[PDB]
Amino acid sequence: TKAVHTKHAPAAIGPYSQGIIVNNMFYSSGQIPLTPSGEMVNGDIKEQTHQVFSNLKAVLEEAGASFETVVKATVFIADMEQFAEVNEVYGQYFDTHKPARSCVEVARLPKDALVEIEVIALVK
């Protein structure tokens, strides 16, 4: 296995890696709405979801994967009432290639993020 590191996603500060490649698969850590420089995006839920996807895009590509090779995503949201809004952004990235997915509302997320998304993808 190998750790994935890219300056285009917030730095993994602490005991974890942005993602890991093992065999021919890639596992990302759960991405939250932080900018690469480590600041929380303070726009609405859509703006927060966009940063999450920019972060996912960066780690996926550094690992030799892409949204087109994602097989499973788990979405943790702070409020299920915002499902539709997060889904609108989500659908711009997984429009034709559609991964398996699970979505649940949690009590709280790191840095009180409104959304956190993790993915597993094939490395071709």
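Heads up: residue numbers just count along the shown sequence, starting at 1.
Identify the stretch, either 69 to 77 or 28 to 36, whose C-alpha atoms have the larger mean B-factor according to the entry.
Comparing 69 to 77 with 28 to 36, the higher mean C-alpha B-factor belongs to 28 to 36.
Mind pulling up the entry and telling me whether 5 to 13 or 99 to 107 has the higher mean Cα temperature factor?
Mean C-alpha B-factor is greater for 5 to 13.
Based on the deposited C-alpha B factors for this chain, I'd like to know if residue 84 is in the lowest, middle or highest third.
Tercile = highest for this residue's CA B-factor.
In terms of the chain's CA B-factor thirds, is residue 56 lowest, middle or highest?
For residue 56, whose C-alpha B-factor we compare with every modelled residue in the chain, the answer is the lowest third.
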